[PDB]
Amino acid sequence: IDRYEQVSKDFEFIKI
Amino acid sequence: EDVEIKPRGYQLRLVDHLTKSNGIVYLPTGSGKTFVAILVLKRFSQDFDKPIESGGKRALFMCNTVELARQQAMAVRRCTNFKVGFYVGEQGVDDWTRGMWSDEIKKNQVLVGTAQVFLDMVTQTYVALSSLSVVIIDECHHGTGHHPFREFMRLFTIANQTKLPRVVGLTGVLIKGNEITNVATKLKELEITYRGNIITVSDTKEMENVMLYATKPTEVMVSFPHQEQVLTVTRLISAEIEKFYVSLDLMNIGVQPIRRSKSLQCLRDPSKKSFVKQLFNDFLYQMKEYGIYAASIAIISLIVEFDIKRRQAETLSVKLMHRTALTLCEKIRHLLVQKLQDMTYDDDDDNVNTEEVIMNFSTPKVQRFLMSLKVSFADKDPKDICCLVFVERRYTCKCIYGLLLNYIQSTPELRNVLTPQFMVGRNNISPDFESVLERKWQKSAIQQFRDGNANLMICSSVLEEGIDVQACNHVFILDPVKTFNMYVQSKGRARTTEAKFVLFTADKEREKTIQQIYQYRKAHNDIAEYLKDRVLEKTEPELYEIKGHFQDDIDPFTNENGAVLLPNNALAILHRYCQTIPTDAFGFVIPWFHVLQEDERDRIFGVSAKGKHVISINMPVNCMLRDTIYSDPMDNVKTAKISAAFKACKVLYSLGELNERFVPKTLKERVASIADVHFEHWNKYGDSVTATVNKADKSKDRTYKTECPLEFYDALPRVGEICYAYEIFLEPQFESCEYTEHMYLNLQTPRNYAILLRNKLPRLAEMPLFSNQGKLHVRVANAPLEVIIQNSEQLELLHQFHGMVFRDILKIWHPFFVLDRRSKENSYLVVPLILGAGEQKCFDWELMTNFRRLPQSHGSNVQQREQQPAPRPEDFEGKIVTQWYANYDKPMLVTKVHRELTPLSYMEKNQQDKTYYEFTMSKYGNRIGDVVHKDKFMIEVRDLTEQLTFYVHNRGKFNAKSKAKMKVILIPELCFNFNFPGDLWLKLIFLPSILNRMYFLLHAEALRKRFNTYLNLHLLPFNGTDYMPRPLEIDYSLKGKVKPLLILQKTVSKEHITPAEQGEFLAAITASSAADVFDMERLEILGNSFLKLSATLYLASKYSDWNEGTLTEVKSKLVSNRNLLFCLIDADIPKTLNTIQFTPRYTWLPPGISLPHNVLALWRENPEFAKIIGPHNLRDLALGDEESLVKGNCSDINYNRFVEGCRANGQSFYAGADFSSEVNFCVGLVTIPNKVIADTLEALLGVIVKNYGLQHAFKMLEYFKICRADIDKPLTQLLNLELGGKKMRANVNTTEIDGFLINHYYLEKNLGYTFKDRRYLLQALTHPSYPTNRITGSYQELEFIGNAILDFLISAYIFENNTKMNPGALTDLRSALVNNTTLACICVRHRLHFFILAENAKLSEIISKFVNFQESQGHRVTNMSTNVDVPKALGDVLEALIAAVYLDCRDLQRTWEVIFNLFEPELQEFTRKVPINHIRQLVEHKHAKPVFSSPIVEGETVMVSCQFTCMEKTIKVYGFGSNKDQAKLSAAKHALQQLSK
RNA sequence: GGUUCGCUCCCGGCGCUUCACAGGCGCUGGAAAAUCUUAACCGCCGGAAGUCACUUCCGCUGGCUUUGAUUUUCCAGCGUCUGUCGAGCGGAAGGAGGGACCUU
Ligand SMILES: Nc1ncnc2c1ncn2[C@@H]1O[C@H](COP(=O)(O)OP(=O)(O)O)[C@@H](O)[C@H]1O
Ligand SMILES: [Mg+2]
Ligand SMILES: [Mg+2]
Ligand SMILES: [Mg+2]
Ligand SMILES: [Mg+2]
Ligand SMILES: [Mg+2]
């Protein structure tokens, strides 16, 4: 428990 | 604005439909529903310009918020030609009267404002529903429950059901919250609430395509992973906050108002502890939700908020709580930055380092947020981008603002594109990050967004409704959407073309969020389904439904005049009323609601209340509702509270506390409690404090009747009565020069005269008289000569001699004078004395028997002189002679006799070639035909002066008279010889002046005896008294260790009390207009200073509950010259004043001479002749010898001569005027200026001060009924007088006096006085801006007493030391000594300013600048460059400190020691030379004319310009400063500097 | 001892104008803070009711939005009350002196 795990920077703007 | 305002098709059809009937317009935000509202207002403006009573109507524009109300006000003002009224609560309509509403109504055609204000305006009968034409309600969807819109709608129900104004609601959303099921029922409820029919899109072709400009957004979703792990520092911070909570709960702060739960069944923590708990809970929420860096900004926000709260804390315990919170926040911040630096130690690229720490310690939600911004914006031009970010919590806005600032500064790709700003709603929070007053600003954050300065906005739900924003191209939602309306309005904010709408959610939350979004979409579509499916009806005419819907609430009450109290306003009304009632600083006045238990409901009420709840109202003793009130049985406690408040308000209105308009009454007046008692004596003289006294400067002068002293009244001797004769001694103090030989020789002759009285005179002090030859010391014998008038002819001889003196010798006689023996004023005689049996002097009977009348100076021809005997050589020495041949018939004294000299005289320098014999033949041969005794007789003769007013000091100067005066040698046979002794005539010359001086000396003796009797001062120096000679008033302008002040020394010690000298009382009585060698003007200064101090102390002691404002208001009247005039008239003293300058031959009346008794009788007995007898009619009278001697009554001719003036002036329109000009002496009338009487009272006070200390003068004030007595004790001693309490002293305990006074030891040492009661010092140092001022007063009240004490002590010191200085220079010195500037200089010189308990930026900066300047000046008073401003607070602090030093010891001697130890160099320097004020110095300059100006402030530095002249050329210098006075002073100083050059 | 000057100066008081110092107050704007309070919406947890944690009701508590009121403080401008007092000006009266003199 040291830091927040850095998420996958590649993501898509999902349409509603 | 402009004529370009042309409506769309949908707007025009909407307004067309709206004119027909009520309704609600439902259009998306940005469709211009405001514009169609403006058009509706315009369409209903047929009657706007007409007055209300004639039938004119106005329109209403209600808004849910003040800010949106202002926005709509601006919109309607710019889009219409009407003048709009903006009425909100903060504007101050809380106490506007009917006129103050009617003028606004008639001046404004359309009205805008919040709903509550218009609700109050309608319910208080300021307007009526029938007086309105159309009503506009924006955001009508808030009209649910007890919202003010629904109350205003119920106002339509209670009002007349016909002839009713139109109503329209403007909205873009209808469903508030999550009532997204069965939307048809909610829509129908909104319809019936606003009694209208909702209108929306019906033509899909034209309305939709025109509205398309308000584009729908593109709705997008961004997901982030759920965070399950919490960091170690998170648990550490949580544990620390938990133990801090434990400490806070254990911490025992002062008692606070009781706070309890919403339904009042459970108790809650006090509001102040609740606040810190709330802030820490919010910080923990930010920490858990948004990451470590977000927490590092939130801890800054907590730091600044806690610092502000500590700075505004009202109690030492609250300060300690906030200090503990602050240090815990500092520890948390230290931990957070430490945790950041652990990762920042990775690399050196500081920008990338900041970016990566933000990335690593953020939550994945904010991580996704940052990546979304980075990909969406991507170095785009800032002019294009305008986006809103929505977050739930208030502090989340600030936290995200700070984090985004840091991220932008850490991203070169994003550095210049985004300019973030954050906005929070009404619960405002501090926008600063560093400290107090980071920077003063003028534009709001929303205005910065509007102007394009800011492009990214982070805000709470505040910006969702109403507020006008530009069509944003991007909208982001951070926290999950909570309500349907929030979603709809947030998507409506993204109005521009191809705008982006983004919402954030967790991975595990996607399905629930999508379900909620689809439910919102379904409800939004169902709105249109209901609108397109409903059948057409006119105005929802189901009135039965309206009544059924509105009847659930409690029925409102309407009283007389038609005012109405709604039940839902009752709680607000009750709390407003409870705010008004007086109470202590802690005592809560809000009602203490109490819910009744089960056993109480069925006891107070029946069994019906078994289920329904009943609540009772309990109220503190300060309010009228002493009887408990029980609410009706209601199903919920909220309605029970509403009903209880409604019934309580009804009861209060029945009691008359609530007025006709259901608003509580107000206070009337406070100071009248003193005007009732202290100023009673004003009424009997035709004046009152309530009336406008200064109307046209009414009656600055008054008429008084003079009265002779008791000794001079009825003192005329009669036959057989024992009589007293006081010999009058004239002792010339001048030298025996040739010019003064005869004067000096004849004044010391034993042939003195004496005054005859039946009464016994007291001892009289030696007094000065100033002749041309020098000064005289005239004294009256203390032991009289006992004589008895055994025969009536002796009395007749005395009377005829007395009349003959004034008639022939002194020539005071006027033709209309009458010698009298029956008038009792000044009924006394003066008789000559001669040596009898050794020292037993006796009446000069031989002189009076011969000189019943002075023989006439008549001629004698040569033959007649031959028939007459030759003139004896030894019959001329010391005798009065006159030149009967010369034009001048004045008498003249023989100073030398000659037998060697002869009319055949030795020739002189101007008598050359002639003897005096031939000289008289040459000059006046027509009279001197020859000389019959040419042989052996000659005399040397001196003229006698005509002067009678011997008071002028400077007339006796010898420098000019040092030049020789030629002799006047006269032949004896040519001058008639009066056998009257010349030495007695020379003494009779001074007689009128001695008589007039003895008059007022006896008056002063009577006053001395009176004021000694009142004080019970009958000690040794007051029976065997021997008065010191009366001194000249040299200041009249005619020619380590501290020494204790003598006035206080004799106030405390009896041994130093000196007798009140008779000369001092004579001076105090004699006005400056009397032209004497003394007056009251010096005593007046000391008297006024003592009066000021005593009035201040008396008012502050008796009336401690008052503030310095009311105390000053009362004192300004108590010590006013009008009050002093009435007070002195009450003592019957003004009848004894000496203001007439004693012109004997024109204004005096001899003691034995009176006017005709008919004149006196008709003057006294006739109200029409009281003061209106003709002057010249009385002065033109002439009476015969025996008519003036014994007849008394004048002849009928002169009687009618003056009675004609009496009739024409008194018995005519001239009634009330004064015609006693130059005939004042008849009945003893005199006109004395009011200020003279006031200064007489002040001078008597000053004399008693100087002679007997301060307590005896306080007793004199009691005698003068200036200080009214009381029932418990009449009046206590001026010293040890009980003054103090909650307002002159700090009420804090000994446990916090050291908490407030950090270093009281070094102020105790510095000031030189040791306090035994630190509470006075604490209030003396407490500036009014300090937070504790609201509970424990301030220095402002104590400064009043301090100023009075310091002024009196300084005045007394400069009075007693500088004995030769007139009052003008004395007060110039005092003003220089007690100036605010010099008080500040002494305050900084002793470094007292360091201990002031104040919190104010613009005061502290001024204090620091001034102290820096004074240190640069080296404590030297400039009596400056670049307009230095004086911190007026320092002088007031010093004055209050002096007051505290006095009150601690209750001794004026120790106070004076402290004041002297402070003022010693100042006193020495200003006594050496008085620093006249710079403005005064410039104005008084005989060559330069200041001619200043009254310009504007042009910002802070208000400017003043001067116009003076310097060496015949005009110059114009400019003054700048914070205020007008400082700018003018600086300009005057600059003008002085130029003048010096 | 007295007269006289368009002569020089001075004291005090009256009338008009105006300034300074001390204690204040009111009105109008600007700024800051404290306390109470209104309404609406949503959520956490607990209890109850109809089909009984599905829907509803009640309570706690938290969050947002929000209304009105009271009090305190500072700053600026305009008026105004009282006390002390100076300066300028019409004018009257008194005094000092420097000329012109006037007696013997
Ligand atoms: N027919 C029109 N004529 C002139 N201006 C219009 C018209 N329709 C809309 N506007 C402008 O568009 C803006 C609409 O914004 P606003 O009325 O605040 O939207 P909403 O009332 O829906 O919140 C107004 O400022 C108005 O000036
Ligand atoms: Mg609008
Ligand atoms: Mg005076
Ligand atoms: Mg006075
Ligand atoms: Mg003050
Ligand atoms: Mg002061």
# chains A, B, ... in the order shown; residues from 1 in each chain; ligands from 1

$ residues_near_ligand --ligand "ligand 3" --cutoff "10 Å" --atoms "only C-alpha atoms (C1' of nucleotides) and all ligand atoms" --output "count of residues only"
22

$ residues_around --residues "residue C:40" --least-positions-apart "2" --cutoff "10 Å" --atoms "only C-alpha atoms (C1' of nucleotides)" --output "list in words"
residues 142, 143, 144, 145, 146, 147, 176 and 177 of chain B; 65 and 66 of chain C

$ write_last_selection --atoms "C-alpha atoms (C1' of nucleotides)" --output "PDB file, in the first residue's frame"
ATOM      1  CA  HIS B 142     -39.836  24.898  -7.252  1.00  0.00           C
ATOM      2  CA  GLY B 143     -43.474  25.552  -6.314  1.00  0.00           C
ATOM      3  CA  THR B 144     -44.008  22.438  -4.209  1.00  0.00           C
ATOM      4  CA  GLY B 145     -44.684  21.870  -0.533  1.00  0.00           C
ATOM      5  CA  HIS B 146     -44.286  25.087   1.446  1.00  0.00           C
ATOM      6  CA  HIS B 147     -42.234  26.956  -1.155  1.00  0.00           C
ATOM      7  CA  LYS B 176     -37.807  18.343  -9.108  1.00  0.00           C
ATOM      8  CA  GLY B 177     -35.736  15.462  -7.805  1.00  0.00           C
TER       9      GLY B 177
ATOM     10  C1'   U C  65     -29.382  24.578  -3.499  1.00  0.00           C
ATOM     11  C1'   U C  66     -31.958  28.612  -0.795  1.00  0.00           C
TER      12        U C  66
END

$ residues_around --residues "residue C:63" --least-positions-apart "4" --cutoff "12 Å" --atoms "only C-alpha atoms (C1' of nucleotides)" --output "PDB file with N, CA, C and O atoms (P, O5', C5', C4', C3', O3' and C1' of nucleotides), in the first residue's frame"
ATOM      1  N   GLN B 278     -17.972  19.346  10.964  1.00  0.00           N
ATOM      2  CA  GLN B 278     -18.422  19.355   9.578  1.00  0.00           C
ATOM      3  C   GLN B 278     -17.262  19.588   8.623  1.00  0.00           C
ATOM      4  O   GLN B 278     -17.149  18.921   7.588  1.00  0.00           O
ATOM      5  N   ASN B 281     -15.120  16.456   8.503  1.00  0.00           N
ATOM      6  CA  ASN B 281     -15.808  15.410   7.753  1.00  0.00           C
ATOM      7  C   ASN B 281     -15.744  15.683   6.256  1.00  0.00           C
ATOM      8  O   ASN B 281     -15.534  14.766   5.452  1.00  0.00           O
ATOM      9  N   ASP B 282     -15.921  16.945   5.859  1.00  0.00           N
ATOM     10  CA  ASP B 282     -15.808  17.299   4.450  1.00  0.00           C
ATOM     11  C   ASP B 282     -14.391  17.088   3.933  1.00  0.00           C
ATOM     12  O   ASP B 282     -14.203  16.623   2.801  1.00  0.00           O
ATOM     13  N   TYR B 285     -13.998  13.467   3.362  1.00  0.00           N
ATOM     14  CA  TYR B 285     -14.676  13.081   2.130  1.00  0.00           C
ATOM     15  C   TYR B 285     -13.821  13.415   0.914  1.00  0.00           C
ATOM     16  O   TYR B 285     -13.673  12.594   0.002  1.00  0.00           O
ATOM     17  N   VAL B 391     -19.566  19.494  -9.566  1.00  0.00           N
ATOM     18  CA  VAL B 391     -19.240  18.648  -8.428  1.00  0.00           C
ATOM     19  C   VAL B 391     -20.264  18.915  -7.335  1.00  0.00           C
ATOM     20  O   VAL B 391     -20.917  19.960  -7.303  1.00  0.00           O
ATOM     21  N   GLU B 392     -20.404  17.948  -6.429  1.00  0.00           N
ATOM     22  CA  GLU B 392     -21.460  18.038  -5.420  1.00  0.00           C
ATOM     23  C   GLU B 392     -21.073  18.975  -4.280  1.00  0.00           C
ATOM     24  O   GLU B 392     -21.694  20.023  -4.088  1.00  0.00           O
ATOM     25  N   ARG B 393     -20.029  18.626  -3.533  1.00  0.00           N
ATOM     26  CA  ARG B 393     -19.693  19.367  -2.325  1.00  0.00           C
ATOM     27  C   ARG B 393     -19.190  20.765  -2.661  1.00  0.00           C
ATOM     28  O   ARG B 393     -18.644  21.005  -3.741  1.00  0.00           O
ATOM     29  N   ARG B 394     -19.385  21.694  -1.722  1.00  0.00           N
ATOM     30  CA  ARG B 394     -18.916  23.061  -1.920  1.00  0.00           C
ATOM     31  C   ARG B 394     -17.394  23.113  -1.970  1.00  0.00           C
ATOM     32  O   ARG B 394     -16.807  23.689  -2.892  1.00  0.00           O
ATOM     33  N   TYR B 395     -16.736  22.509  -0.980  1.00  0.00           N
ATOM     34  CA  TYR B 395     -15.280  22.531  -0.931  1.00  0.00           C
ATOM     35  C   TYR B 395     -14.645  21.696  -2.031  1.00  0.00           C
ATOM     36  O   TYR B 395     -13.462  21.896  -2.331  1.00  0.00           O
ATOM     37  N   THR B 396     -15.396  20.774  -2.638  1.00  0.00           N
ATOM     38  CA  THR B 396     -14.872  20.051  -3.789  1.00  0.00           C
ATOM     39  C   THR B 396     -14.576  21.007  -4.935  1.00  0.00           C
ATOM     40  O   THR B 396     -13.609  20.811  -5.678  1.00  0.00           O
ATOM     41  N   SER B 460     -20.877  24.021  -8.145  1.00  0.00           N
ATOM     42  CA  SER B 460     -21.894  23.142  -7.592  1.00  0.00           C
ATOM     43  C   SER B 460     -23.205  23.370  -8.340  1.00  0.00           C
ATOM     44  O   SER B 460     -23.242  23.991  -9.405  1.00  0.00           O
ATOM     45  N   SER B 461     -24.306  22.872  -7.781  1.00  0.00           N
ATOM     46  CA  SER B 461     -25.613  22.974  -8.422  1.00  0.00           C
ATOM     47  C   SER B 461     -26.126  24.409  -8.467  1.00  0.00           C
ATOM     48  O   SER B 461     -27.247  24.654  -8.926  1.00  0.00           O
ATOM     49  N   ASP B 479     -19.160  13.881  -9.737  1.00  0.00           N
ATOM     50  CA  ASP B 479     -19.932  13.001  -8.874  1.00  0.00           C
ATOM     51  C   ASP B 479     -21.169  12.500  -9.617  1.00  0.00           C
ATOM     52  O   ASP B 479     -21.649  13.166 -10.538  1.00  0.00           O
ATOM     53  N   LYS B 482     -27.559  12.959  -9.212  1.00  0.00           N
ATOM     54  CA  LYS B 482     -28.464  12.624  -8.124  1.00  0.00           C
ATOM     55  C   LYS B 482     -29.932  12.839  -8.462  1.00  0.00           C
ATOM     56  O   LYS B 482     -30.769  12.041  -8.031  1.00  0.00           O
TER      57      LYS B 482
ATOM     58  P     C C  41     -39.386  18.587  -2.250  1.00  0.00           P
ATOM     59  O5'   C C  41     -37.998  18.029  -2.791  1.00  0.00           O
ATOM     60  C5'   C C  41     -37.655  18.169  -4.160  1.00  0.00           C
ATOM     61  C4'   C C  41     -36.197  17.881  -4.410  1.00  0.00           C
ATOM     62  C3'   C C  41     -35.667  16.558  -3.887  1.00  0.00           C
ATOM     63  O3'   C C  41     -36.028  15.451  -4.692  1.00  0.00           O
ATOM     64  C1'   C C  41     -34.130  18.275  -3.383  1.00  0.00           C
ATOM     65  P     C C  42     -36.174  13.994  -4.034  1.00  0.00           P
ATOM     66  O5'   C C  42     -34.671  13.536  -3.775  1.00  0.00           O
ATOM     67  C5'   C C  42     -33.786  13.313  -4.862  1.00  0.00           C
ATOM     68  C4'   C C  42     -32.370  13.072  -4.397  1.00  0.00           C
ATOM     69  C3'   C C  42     -32.172  11.957  -3.384  1.00  0.00           C
ATOM     70  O3'   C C  42     -32.171  10.664  -3.962  1.00  0.00           O
ATOM     71  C1'   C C  42     -30.957  13.860  -2.702  1.00  0.00           C
ATOM     72  P     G C  43     -32.520   9.380  -3.059  1.00  0.00           P
ATOM     73  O5'   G C  43     -31.213   9.159  -2.174  1.00  0.00           O
ATOM     74  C5'   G C  43     -29.985   8.780  -2.777  1.00  0.00           C
ATOM     75  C4'   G C  43     -28.828   8.882  -1.814  1.00  0.00           C
ATOM     76  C3'   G C  43     -28.905   8.016  -0.567  1.00  0.00           C
ATOM     77  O3'   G C  43     -28.546   6.666  -0.804  1.00  0.00           O
ATOM     78  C1'   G C  43     -28.242  10.197   0.035  1.00  0.00           C
ATOM     79  P     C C  44     -29.079   5.506   0.173  1.00  0.00           P
ATOM     80  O5'   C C  44     -28.175   5.651   1.477  1.00  0.00           O
ATOM     81  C5'   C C  44     -26.775   5.423   1.419  1.00  0.00           C
ATOM     82  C4'   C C  44     -26.123   5.628   2.763  1.00  0.00           C
ATOM     83  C3'   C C  44     -26.709   4.832   3.917  1.00  0.00           C
ATOM     84  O3'   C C  44     -26.241   3.496   3.956  1.00  0.00           O
ATOM     85  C1'   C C  44     -26.404   7.079   4.582  1.00  0.00           C
TER      86        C C  44
END

$ residues_around --residues "residue C:32" --least-positions-apart "2" --cutoff "10 Å" --atoms "only C-alpha atoms (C1' of nucleotides)" --output "list in words"
residues 1400 of chain B; 73 and 74 of chain C

$ write_last_selection --atoms "N, CA and C atoms (P, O5', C5', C4', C3', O3' and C1' of nucleotides)" --output "PDB file, in the first residue's frame"
ATOM      1  N   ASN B1400      -7.916  44.453  12.226  1.00  0.00           N
ATOM      2  CA  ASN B1400      -8.385  45.254  11.103  1.00  0.00           C
ATOM      3  C   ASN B1400      -7.201  45.572  10.200  1.00  0.00           C
TER       4      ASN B1400
ATOM      5  P     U C  73     -20.082  48.538  16.955  1.00  0.00           P
ATOM      6  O5'   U C  73     -18.895  48.346  15.914  1.00  0.00           O
ATOM      7  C5'   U C  73     -17.773  47.547  16.252  1.00  0.00           C
ATOM      8  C4'   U C  73     -16.906  47.260  15.054  1.00  0.00           C
ATOM      9  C3'   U C  73     -16.532  48.452  14.197  1.00  0.00           C
ATOM     10  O3'   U C  73     -15.525  49.262  14.773  1.00  0.00           O
ATOM     11  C1'   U C  73     -17.146  46.650  12.808  1.00  0.00           C
ATOM     12  P     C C  74     -15.533  50.847  14.514  1.00  0.00           P
ATOM     13  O5'   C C  74     -14.761  51.001  13.133  1.00  0.00           O
ATOM     14  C5'   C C  74     -13.520  50.346  12.928  1.00  0.00           C
ATOM     15  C4'   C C  74     -13.185  50.234  11.464  1.00  0.00           C
ATOM     16  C3'   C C  74     -13.298  51.510  10.652  1.00  0.00           C
ATOM     17  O3'   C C  74     -12.199  52.385  10.823  1.00  0.00           O
ATOM     18  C1'   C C  74     -14.305  49.739   9.468  1.00  0.00           C
TER      19        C C  74
END

$ interface_residues --of "chain C" --to "chain B" --cutoff "6 Å" --atoms "only C-alpha atoms (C1' of nucleotides)" --output "list in words"
residues 1, 12, 13, 20, 21, 24, 39, 41, 69, 73, 82, 87 and 104 of chain C
